[PDB]
Amino acid sequence: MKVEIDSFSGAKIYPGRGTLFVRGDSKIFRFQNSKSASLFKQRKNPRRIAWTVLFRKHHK
Amino acid sequence: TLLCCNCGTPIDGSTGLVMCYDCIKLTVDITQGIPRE
Amino acid sequence: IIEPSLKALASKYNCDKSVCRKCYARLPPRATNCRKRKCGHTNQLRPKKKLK
Amino acid sequence: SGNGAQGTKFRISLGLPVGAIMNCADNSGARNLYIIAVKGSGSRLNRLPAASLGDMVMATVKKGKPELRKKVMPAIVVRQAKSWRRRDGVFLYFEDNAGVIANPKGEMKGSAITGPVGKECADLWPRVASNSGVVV
Amino acid sequence: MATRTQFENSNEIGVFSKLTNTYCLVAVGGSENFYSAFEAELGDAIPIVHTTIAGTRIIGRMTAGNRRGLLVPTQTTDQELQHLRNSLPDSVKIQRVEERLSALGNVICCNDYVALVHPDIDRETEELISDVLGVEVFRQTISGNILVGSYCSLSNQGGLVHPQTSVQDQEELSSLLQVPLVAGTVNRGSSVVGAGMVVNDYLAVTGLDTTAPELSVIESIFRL
RNA sequence: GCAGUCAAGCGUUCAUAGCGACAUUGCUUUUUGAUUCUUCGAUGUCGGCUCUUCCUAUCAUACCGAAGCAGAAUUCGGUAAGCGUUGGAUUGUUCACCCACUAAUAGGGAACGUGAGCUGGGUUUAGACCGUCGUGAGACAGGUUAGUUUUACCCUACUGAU
Ligand SMILES: [Zn+2]
Ligand SMILES: [Zn+2]
């Protein structure tokens, strides 16, 4: 049993939960929930979304 | 530079082709399913 | 191995039979009528074809 | 299912029914595929049949190489956008419904497949797996 | 020599097997007939491993290996890695690559010395190929078909390509790989030779429809 | 439309493995014809959507029998109606034809099931156009186009509730 990480939020994803997405260039995206899933489809950048790990790590 | 892969001896072209012309003429048929009278 | 005696023994049960013309019921070779009600106990029988 | 299919596939959410137009992913010169019917389909009143990943369908070509089109041919899907579920619980979905031309025995027509391909089709049709570079 | 078999009812052996000069791989799908066709002409110096990487039976295309290394995709799990590591000699190093082209056996046509490879592979992946397998790489194509490990079967003794390969292409590739080639087919016209069969130094395995005209070429090109 | 008896004769020579004369008896109302018996101080008249049930003269499925039934594949036949019997192009269409899947894409009935259940494409009012007929008004079961589809709160039935 292995655990994954969301590509948008950097949340640990346990087995059973969330969708996955394979883009035309084959780069694969995992989404812990519809929130990150839809913020990805709206072309938002995680570095501007306050509650994400990328934001919090750039802001230190 | 291939072999006829049915009989073997006919070295044919790589324009994109299959077993020897005699082999497709005698063995293979694509007009079945019709009466000739 | 064939054992033609056992072949003739086998023929007693699967080949040495008659068949009714109407109901297609198998019957003994020494029959006089068919033994099934729905046909009519018909005296119109025929033998089974073994060869050909 | 055994129109040259190796094993038995688990069930996948029926994404693309008849009337659907899915891209083509091979180098056969076809640029789309209009599904008309499905193999292994079930018959229920007013239920139009449907095709899932890995399934084999009957298709028509609507764009490309006019020696191909105006005739029916078998096709095999390799991507769908409807989110299905693998038995490890995860859901997944591509961004485009896409298929491939083939013969009724499972052999492909082209020589390579652009884009990714589903595990659930590659395990089932080996010739597809041979002509594929990316499997998920 | 060349045996003939079927995995379940398929005449495509390179899809479900991966044969090297020191180990072999098979898919767990029954058919003791299919397993005996490997166990028969082999010694216990070549260990066979029944595995299914990424929950798949398509191992020969999803892997590419040599006699000193094995490359596997990022989709196979630690359980499978460990069943491989506990069952394969320690003379090889296994590495779970982390790149896009998951079908390694279609994009790599490798042997002990040389490796044809797909063009668009990462430069940090080709260097890992050289590192692990201990091989020099070449990245062009077969004859326009960029799936080298599927449209070209290859050994150190011999090599085989598909029947669209120009003679200039054959001369060029035979010069680069330093092994003679020849452009035939297998399983009655199947251009996909890298998958329709599998070969070693002293062994080949094809499908039951691999006829004698094809077996003759297979036993002429690969024995030498 | 279906069945049974005579079956010339065709069916490698081998009257029923099978197909078919001459006829002959005779069935069903699921077909036309005929009657005018019921409705002319309202039985709402085509088809389709929906939904249920029944029949068997079985398309498939199950089990058997026979075949110029080696196997495979088919045909015929017996019980058998438990379960199922499609998606679509054109057409108002029933009917039909064609494409495709399918185990199969069998036939039929219930006031030619079913309009206070729907729809209203058609037929079947008045408007209007063409063609033919007619001196003319006007006719055509000929073609085309537009054209209001009502009520349940009662009794019973049914579904559920006291
Ligand atoms: Zn030939
Ligand atoms: Zn009888």
# chains A, B, ... in the order shown; residues from 1 in each chain; ligands from 1

call {"tool": "residues_near_ligand", "arguments": {"ligand": "ligand 1", "cutoff": "7 Å", "atoms": "only C-alpha atoms (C1' of nucleotides) and all ligand atoms", "output": "ChimeraX atom specification"}}
result
/B:4,6-8,10,19-23

call {"tool": "write_last_selection", "arguments": {"atoms": "C-alpha atoms", "output": "compact mmCIF listing (two decimals), in the first residue's frame"}}
result
# COMPACT_ATOMS: atom_id res chain seq x y z
CA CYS B 4 7.59 -15.02 -49.67
CA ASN B 6 4.56 -19.07 -47.66
CA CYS B 7 6.82 -20.92 -50.16
CA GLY B 8 9.99 -18.96 -49.40
CA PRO B 10 10.59 -15.09 -54.21
CA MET B 19 3.81 -13.39 -49.93
CA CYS B 20 4.69 -14.22 -53.60
CA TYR B 21 2.30 -13.37 -56.44
CA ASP B 22 1.92 -17.05 -57.30
CA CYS B 23 1.22 -17.81 -53.60

call {"tool": "interface_residues", "arguments": {"of": "chain C", "to": "chain F", "cutoff": "8 Å", "atoms": "only C-alpha atoms (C1' of nucleotides)", "output": "compact mmCIF listing (two decimals) with C-alpha atoms, in the first residue's frame"}}
result
# COMPACT_ATOMS: atom_id res chain seq x y z
CA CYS C 23 -43.19 -39.89 -33.87
CA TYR C 24 -39.53 -40.77 -34.65
CA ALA C 25 -39.43 -42.97 -31.54
CA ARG C 26 -36.87 -45.76 -31.46
CA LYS C 52 -24.64 -44.81 -45.73

call {"tool": "residues_near_ligand", "arguments": {"ligand": "ligand 2", "cutoff": "10 Å", "atoms": "only C-alpha atoms (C1' of nucleotides) and all ligand atoms", "output": "MDAnalysis selection string"}}
result
chainID C and resid 19:27 33:45

call {"tool": "select_by_dssp", "arguments": {"residues": "chain B", "states": "alpha helix (DSSP H)", "output": "list in words"}}
result
residues 21, 22, 23, 24, 25 and 26 of chain B

call {"tool": "residues_around", "arguments": {"residues": "residue 141 in chain E", "least_positions_apart": "4", "cutoff": "9 Å", "atoms": "only C-alpha atoms (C1' of nucleotides)", "output": "compact mmCIF listing (two decimals) with N, CA and C atoms, in the first residue's frame"}}
result
# COMPACT_ATOMS: atom_id res chain seq x y z
N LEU E 116 19.06 0.32 -30.08
CA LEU E 116 18.18 1.23 -30.79
C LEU E 116 17.13 1.74 -29.82
N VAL E 117 16.72 2.98 -29.99
CA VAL E 117 15.85 3.63 -29.04
C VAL E 117 14.99 4.66 -29.76
N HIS E 118 13.89 5.02 -29.12
CA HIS E 118 12.93 5.94 -29.68
C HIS E 118 13.49 7.37 -29.66
N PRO E 119 13.16 8.20 -30.66
CA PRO E 119 13.76 9.54 -30.70
C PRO E 119 13.48 10.40 -29.49
N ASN E 145 8.83 3.71 -38.89
CA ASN E 145 8.20 3.21 -37.68
C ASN E 145 9.12 3.46 -36.50
N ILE E 146 8.73 4.43 -35.67
CA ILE E 146 9.53 4.82 -34.51
C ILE E 146 9.42 3.86 -33.34
N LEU E 147 8.69 2.76 -33.49
CA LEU E 147 8.59 1.74 -32.45
C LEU E 147 9.60 0.65 -32.77
N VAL E 148 10.82 0.89 -32.31
CA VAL E 148 11.95 0.05 -32.65
C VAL E 148 11.89 -1.31 -31.99

call {"tool": "interface_residues", "arguments": {"of": "chain F", "to": "chain D", "cutoff": "7 Å", "atoms": "only C-alpha atoms (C1' of nucleotides)", "output": "count of residues only"}}
result
4

call {"tool": "interface_residues", "arguments": {"of": "chain A", "to": "chain D", "cutoff": "8 Å", "atoms": "only C-alpha atoms", "output": "mmCIF file with N, CA and C atoms, in the first residue's frame"}}
result
data_model
loop_
_atom_site.group_PDB
_atom_site.id
_atom_site.type_symbol
_atom_site.label_atom_id
_atom_site.label_comp_id
_atom_site.auth_asym_id
_atom_site.auth_seq_id
_atom_site.Cartn_x
_atom_site.Cartn_y
_atom_site.Cartn_z
ATOM 1 N N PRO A 15 -5.814 5.664 -0.391
ATOM 2 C CA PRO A 15 -6.489 4.854 -1.402
ATOM 3 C C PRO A 15 -7.994 5.037 -1.357
ATOM 4 N N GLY A 16 -8.578 5.188 -2.540
ATOM 5 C CA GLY A 16 -10.011 5.245 -2.702
ATOM 6 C C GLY A 16 -10.564 6.596 -3.069
ATOM 7 N N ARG A 17 -9.827 7.667 -2.810
ATOM 8 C CA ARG A 17 -10.367 9.012 -2.828
ATOM 9 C C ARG A 17 -9.737 9.804 -3.953
ATOM 10 N N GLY A 18 -10.582 10.449 -4.740
ATOM 11 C CA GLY A 18 -10.138 11.356 -5.765
ATOM 12 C C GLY A 18 -10.153 10.757 -7.139
ATOM 13 N N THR A 19 -10.176 11.665 -8.101
ATOM 14 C CA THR A 19 -10.050 11.345 -9.507
ATOM 15 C C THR A 19 -8.592 11.417 -9.930
ATOM 16 N N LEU A 20 -8.370 11.029 -11.174
ATOM 17 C CA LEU A 20 -7.086 11.091 -11.835
ATOM 18 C C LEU A 20 -7.320 11.584 -13.252
ATOM 19 N N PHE A 21 -6.286 12.154 -13.856
ATOM 20 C CA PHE A 21 -6.424 12.794 -15.153
ATOM 21 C C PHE A 21 -5.174 12.567 -15.975
ATOM 22 N N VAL A 22 -5.366 12.065 -17.182
ATOM 23 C CA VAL A 22 -4.295 11.829 -18.133
ATOM 24 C C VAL A 22 -4.470 12.819 -19.269
ATOM 25 N N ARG A 23 -3.514 13.723 -19.394
ATOM 26 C CA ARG A 23 -3.549 14.763 -20.396
ATOM 27 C C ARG A 23 -3.068 14.196 -21.730
ATOM 28 N N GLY A 24 -3.270 14.959 -22.805
ATOM 29 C CA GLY A 24 -2.900 14.481 -24.124
ATOM 30 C C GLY A 24 -1.419 14.239 -24.269
ATOM 31 N N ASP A 25 -0.612 14.999 -23.547
ATOM 32 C CA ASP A 25 0.821 14.760 -23.484
ATOM 33 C C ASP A 25 1.198 13.687 -22.477
ATOM 34 N N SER A 26 0.226 12.965 -21.929
ATOM 35 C CA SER A 26 0.393 11.816 -21.058
ATOM 36 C C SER A 26 0.791 12.194 -19.641
ATOM 37 N N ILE A 28 0.340 12.948 -16.014
ATOM 38 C CA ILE A 28 -0.750 12.440 -15.195
ATOM 39 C C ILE A 28 -0.948 13.356 -14.001
#

call {"tool": "atom_distance", "arguments": {"atom1": "CA of residue 55 in chain E", "atom2": "CA of residue 10 in chain D"}}
result
13.3 Å

call {"tool": "closest_atom_pairs", "arguments": {"of": "chain E", "to": "chain B", "cutoff": "10 Å", "atoms": "only C-alpha atoms", "output": "CSV"}}
result
residue,atom,partner,partner_atom,distance
E:161,CA,B:2,CA,9.8
E:162,CA,B:2,CA,8.7
E:163,CA,B:14,CA,5.8
E:164,CA,B:14,CA,4.8
E:165,CA,B:14,CA,6.4
E:166,CA,B:14,CA,6.4
E:167,CA,B:1,CA,7.3
E:170,CA,B:1,CA,9.5
E:182,CA,B:1,CA,7.3
E:183,CA,B:2,CA,5.3
E:184,CA,B:2,CA,4.7
E:185,CA,B:5,CA,7.1
E:186,CA,B:5,CA,7.8
E:187,CA,B:5,CA,9.0
E:188,CA,B:5,CA,6.8
E:189,CA,B:18,CA,6.6
E:190,CA,B:18,CA,9.8
E:191,CA,B:18,CA,9.8
E:210,CA,B:5,CA,8.9
E:211,CA,B:5,CA,7.2
E:212,CA,B:5,CA,7.9
E:213,CA,B:8,CA,4.9
E:214,CA,B:5,CA,5.5
E:215,CA,B:5,CA,9.1
E:216,CA,B:8,CA,8.9
E:217,CA,B:3,CA,8.5

call {"tool": "select_by_dssp", "arguments": {"residues": "chain C", "states": "strand (DSSP E)", "output": "PyMOL selection string"}}
result
chain C and resi 18-20+26-27+45-47

call {"tool": "residues_around", "arguments": {"residues": "residue 64 in chain E", "least_positions_apart": "4", "cutoff": "6 Å", "atoms": "only C-alpha atoms (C1' of nucleotides)", "output": "PyMOL selection string"}}
result
chain E and resi 71+104-105

call {"tool": "residues_around", "arguments": {"residues": "residue 76 in chain E", "least_positions_apart": "5", "cutoff": "8 Å", "atoms": "only C-alpha atoms (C1' of nucleotides)", "output": "VMD selection string"}}
result
chain E and resid 53 to 55 81 96

call {"tool": "write_last_selection", "arguments": {"atoms": "N, CA, C and O atoms", "output": "PDB file, in the first residue's frame"}}
result
ATOM      1  N   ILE E  53       3.721  -7.140 -14.340  1.00  0.00           N
ATOM      2  CA  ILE E  53       4.080  -5.801 -13.904  1.00  0.00           C
ATOM      3  C   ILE E  53       2.931  -4.845 -14.183  1.00  0.00           C
ATOM      4  O   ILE E  53       2.257  -4.928 -15.211  1.00  0.00           O
ATOM      5  N   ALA E  54       2.701  -3.936 -13.241  1.00  0.00           N
ATOM      6  CA  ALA E  54       1.610  -2.972 -13.322  1.00  0.00           C
ATOM      7  C   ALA E  54       0.259  -3.664 -13.401  1.00  0.00           C
ATOM      8  O   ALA E  54      -0.685  -3.144 -13.997  1.00  0.00           O
ATOM      9  N   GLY E  55       0.156  -4.844 -12.801  1.00  0.00           N
ATOM     10  CA  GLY E  55      -1.048  -5.637 -12.931  1.00  0.00           C
ATOM     11  C   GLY E  55      -1.358  -6.041 -14.347  1.00  0.00           C
ATOM     12  O   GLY E  55      -2.512  -6.341 -14.657  1.00  0.00           O
ATOM     13  N   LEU E  81       8.458  -5.426  -7.876  1.00  0.00           N
ATOM     14  CA  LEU E  81       9.899  -5.220  -7.835  1.00  0.00           C
ATOM     15  C   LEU E  81      10.579  -6.222  -6.924  1.00  0.00           C
ATOM     16  O   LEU E  81      11.655  -6.727  -7.250  1.00  0.00           O
ATOM     17  N   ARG E  96      13.507   1.420 -11.670  1.00  0.00           N
ATOM     18  CA  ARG E  96      12.154   1.869 -11.972  1.00  0.00           C
ATOM     19  C   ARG E  96      12.246   3.249 -12.602  1.00  0.00           C
ATOM     20  O   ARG E  96      12.304   4.263 -11.905  1.00  0.00           O
TER      21      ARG E  96
END

call {"tool": "atom_distance", "arguments": {"atom1": "CA of residue 26 in chain D", "atom2": "CA of residue 128 in chain D"}}
result
10.3 Å

call {"tool": "residues_around", "arguments": {"residues": "residue 76 in chain D", "least_positions_apart": "5", "cutoff": "8 Å", "atoms": "only C-alpha atoms (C1' of nucleotides)", "output": "ChimeraX atom specification"}}
result
/D:54-57,99-102

call {"tool": "interface_residues", "arguments": {"of": "chain E", "to": "chain A", "cutoff": "12 Å", "atoms": "only C-alpha atoms", "output": "number ranges by chain"}}
result
E: 74-79, 98-102

call {"tool": "write_last_selection", "arguments": {"atoms": "N, CA, C and O atoms", "output": "PDB file, in the first residue's frame"}}
result
ATOM      1  N   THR E  74       7.408   3.318 -14.217  1.00  0.00           N
ATOM      2  CA  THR E  74       7.043   3.857 -12.917  1.00  0.00           C
ATOM      3  C   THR E  74       5.701   3.350 -12.412  1.00  0.00           C
ATOM      4  O   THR E  74       5.308   3.701 -11.295  1.00  0.00           O
ATOM      5  N   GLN E  75       4.997   2.545 -13.197  1.00  0.00           N
ATOM      6  CA  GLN E  75       3.673   2.070 -12.841  1.00  0.00           C
ATOM      7  C   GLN E  75       3.692   0.728 -12.135  1.00  0.00           C
ATOM      8  O   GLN E  75       2.640   0.286 -11.664  1.00  0.00           O
ATOM      9  N   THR E  76       4.841   0.065 -12.058  1.00  0.00           N
ATOM     10  CA  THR E  76       4.934  -1.189 -11.332  1.00  0.00           C
ATOM     11  C   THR E  76       5.267  -0.914  -9.878  1.00  0.00           C
ATOM     12  O   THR E  76       5.944   0.062  -9.545  1.00  0.00           O
ATOM     13  N   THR E  77       4.786  -1.794  -9.019  1.00  0.00           N
ATOM     14  CA  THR E  77       4.797  -1.576  -7.585  1.00  0.00           C
ATOM     15  C   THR E  77       5.901  -2.363  -6.892  1.00  0.00           C
ATOM     16  O   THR E  77       6.446  -3.336  -7.420  1.00  0.00           O
ATOM     17  N   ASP E  78       6.204  -1.911  -5.675  1.00  0.00           N
ATOM     18  CA  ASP E  78       7.272  -2.492  -4.870  1.00  0.00           C
ATOM     19  C   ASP E  78       7.104  -3.991  -4.684  1.00  0.00           C
ATOM     20  O   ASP E  78       8.097  -4.717  -4.615  1.00  0.00           O
ATOM     21  N   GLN E  79       5.865  -4.467  -4.593  1.00  0.00           N
ATOM     22  CA  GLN E  79       5.627  -5.899  -4.470  1.00  0.00           C
ATOM     23  C   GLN E  79       6.194  -6.649  -5.665  1.00  0.00           C
ATOM     24  O   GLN E  79       6.907  -7.648  -5.507  1.00  0.00           O
ATOM     25  N   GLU E  98      11.285   6.691 -14.667  1.00  0.00           N
ATOM     26  CA  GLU E  98      10.311   7.698 -14.282  1.00  0.00           C
ATOM     27  C   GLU E  98      10.044   8.642 -15.439  1.00  0.00           C
ATOM     28  O   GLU E  98      10.107   9.864 -15.296  1.00  0.00           O
ATOM     29  N   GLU E  99       9.758   8.085 -16.611  1.00  0.00           N
ATOM     30  CA  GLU E  99       9.565   8.871 -17.824  1.00  0.00           C
ATOM     31  C   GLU E  99       8.231   8.521 -18.476  1.00  0.00           C
ATOM     32  O   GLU E  99       7.435   7.743 -17.945  1.00  0.00           O
ATOM     33  N   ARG E 100       8.001   9.107 -19.649  1.00  0.00           N
ATOM     34  CA  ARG E 100       6.677   9.125 -20.258  1.00  0.00           C
ATOM     35  C   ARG E 100       6.366   7.831 -20.990  1.00  0.00           C
ATOM     36  O   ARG E 100       5.314   7.223 -20.773  1.00  0.00           O
ATOM     37  N   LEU E 101       7.262   7.404 -21.867  1.00  0.00           N
ATOM     38  CA  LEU E 101       6.997   6.251 -22.710  1.00  0.00           C
ATOM     39  C   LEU E 101       7.011   4.995 -21.859  1.00  0.00           C
ATOM     40  O   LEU E 101       8.054   4.365 -21.677  1.00  0.00           O
ATOM     41  N   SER E 102       5.847   4.616 -21.351  1.00  0.00           N
ATOM     42  CA  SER E 102       5.776   3.505 -20.417  1.00  0.00           C
ATOM     43  C   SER E 102       6.069   2.183 -21.108  1.00  0.00           C
ATOM     44  O   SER E 102       6.586   1.252 -20.483  1.00  0.00           O
TER      45      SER E 102
END

call {"tool": "atom_distance", "arguments": {"atom1": "CA of residue 48 in chain C", "atom2": "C1' of residue 64 in chain F"}}
result
17.2 Å

call {"tool": "residues_around", "arguments": {"residues": "range 140-157 of chain F", "least_positions_apart": "5", "cutoff": "10 Å", "atoms": "only C-alpha atoms (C1' of nucleotides)", "output": "PDB file with N, CA and C atoms (P, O5', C5', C4', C3', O3' and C1' of nucleotides), in the first residue's frame"}}
result
ATOM      1  P     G F 115     -58.531   4.449 -25.722  1.00  0.00           P
ATOM      2  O5'   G F 115     -57.751   5.793 -26.063  1.00  0.00           O
ATOM      3  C5'   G F 115     -57.064   6.501 -25.047  1.00  0.00           C
ATOM      4  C4'   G F 115     -56.984   7.983 -25.302  1.00  0.00           C
ATOM      5  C3'   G F 115     -58.214   8.802 -24.963  1.00  0.00           C
ATOM      6  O3'   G F 115     -58.296   9.109 -23.583  1.00  0.00           O
ATOM      7  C1'   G F 115     -57.257   9.513 -27.034  1.00  0.00           C
ATOM      8  P     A F 116     -59.500   8.548 -22.685  1.00  0.00           P
ATOM      9  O5'   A F 116     -59.601   9.592 -21.492  1.00  0.00           O
ATOM     10  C5'   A F 116     -59.603  10.980 -21.774  1.00  0.00           C
ATOM     11  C4'   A F 116     -59.856  11.840 -20.565  1.00  0.00           C
ATOM     12  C3'   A F 116     -59.307  11.366 -19.237  1.00  0.00           C
ATOM     13  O3'   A F 116     -57.933  11.625 -19.049  1.00  0.00           O
ATOM     14  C1'   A F 116     -61.522  12.122 -18.955  1.00  0.00           C
ATOM     15  P     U F 119     -51.692  15.767 -25.549  1.00  0.00           P
ATOM     16  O5'   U F 119     -51.019  15.270 -26.885  1.00  0.00           O
ATOM     17  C5'   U F 119     -49.619  15.347 -26.983  1.00  0.00           C
ATOM     18  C4'   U F 119     -49.075  14.690 -28.220  1.00  0.00           C
ATOM     19  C3'   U F 119     -49.581  15.221 -29.534  1.00  0.00           C
ATOM     20  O3'   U F 119     -48.935  16.419 -29.904  1.00  0.00           O
ATOM     21  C1'   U F 119     -49.485  12.862 -29.572  1.00  0.00           C
ATOM     22  P     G F 120     -49.792  17.658 -30.435  1.00  0.00           P
ATOM     23  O5'   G F 120     -50.365  17.137 -31.812  1.00  0.00           O
ATOM     24  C5'   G F 120     -49.462  16.665 -32.788  1.00  0.00           C
ATOM     25  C4'   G F 120     -50.136  15.902 -33.898  1.00  0.00           C
ATOM     26  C3'   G F 120     -51.166  16.678 -34.719  1.00  0.00           C
ATOM     27  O3'   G F 120     -51.015  16.410 -36.102  1.00  0.00           O
ATOM     28  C1'   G F 120     -52.095  14.665 -33.940  1.00  0.00           C
ATOM     29  P     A F 126     -63.020  21.466 -46.449  1.00  0.00           P
ATOM     30  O5'   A F 126     -63.557  22.895 -46.057  1.00  0.00           O
ATOM     31  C5'   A F 126     -64.881  23.250 -46.372  1.00  0.00           C
ATOM     32  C4'   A F 126     -65.297  24.511 -45.667  1.00  0.00           C
ATOM     33  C3'   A F 126     -64.480  25.756 -45.963  1.00  0.00           C
ATOM     34  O3'   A F 126     -64.882  26.415 -47.145  1.00  0.00           O
ATOM     35  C1'   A F 126     -64.722  25.504 -43.636  1.00  0.00           C
ATOM     36  P     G F 127     -63.874  26.537 -48.383  1.00  0.00           P
ATOM     37  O5'   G F 127     -62.628  27.278 -47.759  1.00  0.00           O
ATOM     38  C5'   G F 127     -62.826  28.526 -47.138  1.00  0.00           C
ATOM     39  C4'   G F 127     -61.573  29.348 -47.075  1.00  0.00           C
ATOM     40  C3'   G F 127     -60.735  29.384 -48.336  1.00  0.00           C
ATOM     41  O3'   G F 127     -61.218  30.291 -49.306  1.00  0.00           O
ATOM     42  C1'   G F 127     -59.349  28.949 -46.487  1.00  0.00           C
ATOM     43  P     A F 128     -61.326  29.845 -50.842  1.00  0.00           P
ATOM     44  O5'   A F 128     -59.826  29.580 -51.226  1.00  0.00           O
ATOM     45  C5'   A F 128     -58.917  30.636 -51.074  1.00  0.00           C
ATOM     46  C4'   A F 128     -57.495  30.224 -51.326  1.00  0.00           C
ATOM     47  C3'   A F 128     -57.225  29.431 -52.584  1.00  0.00           C
ATOM     48  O3'   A F 128     -57.181  30.205 -53.762  1.00  0.00           O
ATOM     49  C1'   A F 128     -56.125  28.427 -50.792  1.00  0.00           C
ATOM     50  P     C F 129     -57.372  29.486 -55.175  1.00  0.00           P
ATOM     51  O5'   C F 129     -56.045  28.625 -55.337  1.00  0.00           O
ATOM     52  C5'   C F 129     -54.808  29.280 -55.543  1.00  0.00           C
ATOM     53  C4'   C F 129     -53.688  28.342 -55.938  1.00  0.00           C
ATOM     54  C3'   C F 129     -53.955  27.403 -57.087  1.00  0.00           C
ATOM     55  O3'   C F 129     -53.941  28.028 -58.353  1.00  0.00           O
ATOM     56  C1'   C F 129     -52.896  26.216 -55.385  1.00  0.00           C
ATOM     57  P     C F 130     -54.842  27.428 -59.535  1.00  0.00           P
ATOM     58  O5'   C F 130     -54.056  26.118 -59.959  1.00  0.00           O
ATOM     59  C5'   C F 130     -52.698  26.222 -60.330  1.00  0.00           C
ATOM     60  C4'   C F 130     -52.054  24.884 -60.597  1.00  0.00           C
ATOM     61  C3'   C F 130     -52.747  23.989 -61.596  1.00  0.00           C
ATOM     62  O3'   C F 130     -52.498  24.359 -62.937  1.00  0.00           O
ATOM     63  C1'   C F 130     -52.169  22.723 -59.711  1.00  0.00           C
ATOM     64  P     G F 131     -53.605  24.093 -64.064  1.00  0.00           P
ATOM     65  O5'   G F 131     -53.677  22.514 -64.133  1.00  0.00           O
ATOM     66  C5'   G F 131     -52.540  21.786 -64.540  1.00  0.00           C
ATOM     67  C4'   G F 131     -52.799  20.308 -64.596  1.00  0.00           C
ATOM     68  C3'   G F 131     -54.082  19.893 -65.277  1.00  0.00           C
ATOM     69  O3'   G F 131     -53.978  19.863 -66.685  1.00  0.00           O
ATOM     70  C1'   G F 131     -53.911  18.788 -63.219  1.00  0.00           C
ATOM     71  P     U F 132     -55.224  20.312 -67.585  1.00  0.00           P
ATOM     72  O5'   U F 132     -56.258  19.135 -67.371  1.00  0.00           O
ATOM     73  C5'   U F 132     -55.861  17.818 -67.678  1.00  0.00           C
ATOM     74  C4'   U F 132     -56.900  16.791 -67.319  1.00  0.00           C
ATOM     75  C3'   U F 132     -58.333  17.125 -67.659  1.00  0.00           C
ATOM     76  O3'   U F 132     -58.663  16.968 -69.020  1.00  0.00           O
ATOM     77  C1'   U F 132     -58.257  16.307 -65.481  1.00  0.00           C
ATOM     78  P     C F 133     -59.876  17.823 -69.619  1.00  0.00           P
ATOM     79  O5'   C F 133     -61.110  17.406 -68.711  1.00  0.00           O
ATOM     80  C5'   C F 133     -61.644  16.103 -68.816  1.00  0.00           C
ATOM     81  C4'   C F 133     -62.913  15.919 -68.026  1.00  0.00           C
ATOM     82  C3'   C F 133     -64.029  16.879 -68.344  1.00  0.00           C
ATOM     83  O3'   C F 133     -64.695  16.581 -69.554  1.00  0.00           O
ATOM     84  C1'   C F 133     -63.855  16.646 -66.016  1.00  0.00           C
TER      85        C F 133
END
